[PDB]
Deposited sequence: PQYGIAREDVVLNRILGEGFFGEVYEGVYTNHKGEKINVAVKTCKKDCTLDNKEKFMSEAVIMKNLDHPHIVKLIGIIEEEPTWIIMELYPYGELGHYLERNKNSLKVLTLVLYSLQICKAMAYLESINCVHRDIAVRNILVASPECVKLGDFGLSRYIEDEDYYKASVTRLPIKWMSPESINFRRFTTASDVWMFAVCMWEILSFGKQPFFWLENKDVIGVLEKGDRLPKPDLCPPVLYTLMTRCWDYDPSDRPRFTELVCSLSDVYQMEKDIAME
């Protein structure tokens, strides 16, 4: 496994819920130097938050999809370190903001498809991710993003009506939220319903109003987003079907870009 000696902290990366995340270098059993992010848990909330820290680590440790953040190892002895791959382009929302002028639709559709592949995997195990948003999606390379580790100020503007109304979260509410994430991506990181305050969102939804089609979003893709935002969760597509529709859209946008 991994030993603390094999991991050195170089700078701060940022504050996570449970504690500071640092940038470091892990050295392999083969002597390879891997750039890592090291998650830390603040020496605090006795058992409960510290149990939740470890429990979330073990899930991510068992997760292995090419478009979910990669857990490299866990150092359990106090102070506990979770070693993740470092994703050098940071958060998708920031990365979309910076590269607004040069990103084309092909790529926006590709990031959407990647996330949706990750969700199809989660869907296969009836595991609900409740934080499918550009702030929670990391950029591994211009062509590769990874869904972060996020499955009580709730993300109301990202949430399905059932979730806002009853705190029900199912794979179908993740489908609703995933379409909101597509909307963020296609809008270059705008916050959904930025023009409202949280308390106002449900009532807008309840009357059938939806996020408008982003300017660079193909109509075919907006129709997919529309189906995702069906009020009735049974009528929303499943992720396995989104993956197929999204591959088709991607393939069309590539041909269009190439010709």
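Counting from 1 along the deposited sequence, which stretches were left out of the model?
No C-alpha for residues 1-3, 155-169.
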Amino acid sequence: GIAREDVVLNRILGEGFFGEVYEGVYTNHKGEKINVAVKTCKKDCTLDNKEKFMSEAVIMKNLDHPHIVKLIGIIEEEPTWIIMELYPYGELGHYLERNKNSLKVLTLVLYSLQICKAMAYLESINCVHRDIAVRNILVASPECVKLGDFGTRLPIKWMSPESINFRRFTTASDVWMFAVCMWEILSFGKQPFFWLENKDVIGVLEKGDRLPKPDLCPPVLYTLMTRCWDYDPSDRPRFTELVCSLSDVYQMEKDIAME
From here on, numbers count along this sequence of modelled residues.
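Between two forms, the rigid core is the largest collection of C-alphas that superpose within 1.5 Å.
After superposing on the rigid core, which of 82-90 and 112-120 has its C-alpha atoms sitting farther from this form in 8 other deposited structures of this protein?
Comparing 82-90 with 112-120, the larger C-alpha deviation in 8 other deposited structures of this protein belongs to 82-90.
Going by root mean square C-alpha distance after a core fit, say whether 171-179 or 142-150 is farther from the shown form in 8 other deposited structures of this protein.
With the rigid core superposed, the C-alphas that lie farther in 8 other deposited structures of this protein are those of 142-150.
Comparing average C-alpha B factors as deposited, tell me which of 59-67 and 43-51 sits higher.
The entry gives the higher C-alpha B-factor average to 43-51.
In the PDB record, does 189-197 or 28-36 carry the higher mean Cα temperature factor?
Between 28-36 and 189-197, it is 28-36 that shows the higher mean C-alpha B-factor.
Hey, out of 159, 140, 133, 125, whose CA B-factor is highest in the deposited coordinates?
Reading the PDB entry, the winner on C-alpha B-factor is 125.
Have a look at 116, 145, 86, 75 and flag the one whose Cα has the highest B-factor in the entry.
Out of 116, 145, 86, 75, the record gives the largest C-alpha B-factor to 75.
Please say which third, lowest, middle or highest, residue 237 falls into when its CA temperature factor is compared across its chain.
For residue 237, the deposited C-alpha B-factor lands in the lowest third.
Lowest, middle or highest third of the chain for the C-alpha temperature factor of residue 217?
Tercile = middle for this residue's CA B-factor.
Classify residue 13 as lowest, middle or highest third according to the C-alpha B-factor given in the PDB entry, relative to its own chain.
For residue 13, the deposited C-alpha B-factor lands in the highest third.
Would you check the entry's CA temperature factor for residue 112 and let me know if it's in the chain's lowest, middle or highest third?
Lowest third - that is where residue 112 ends up once the chain's C-alpha B-factors are sorted.
Relative to the other modelled residues in the chain, which third contains the C-alpha temperature factor of residue 154: lowest, middle or highest?
Residue 154: CA B-factor falls in the highest third of its chain.
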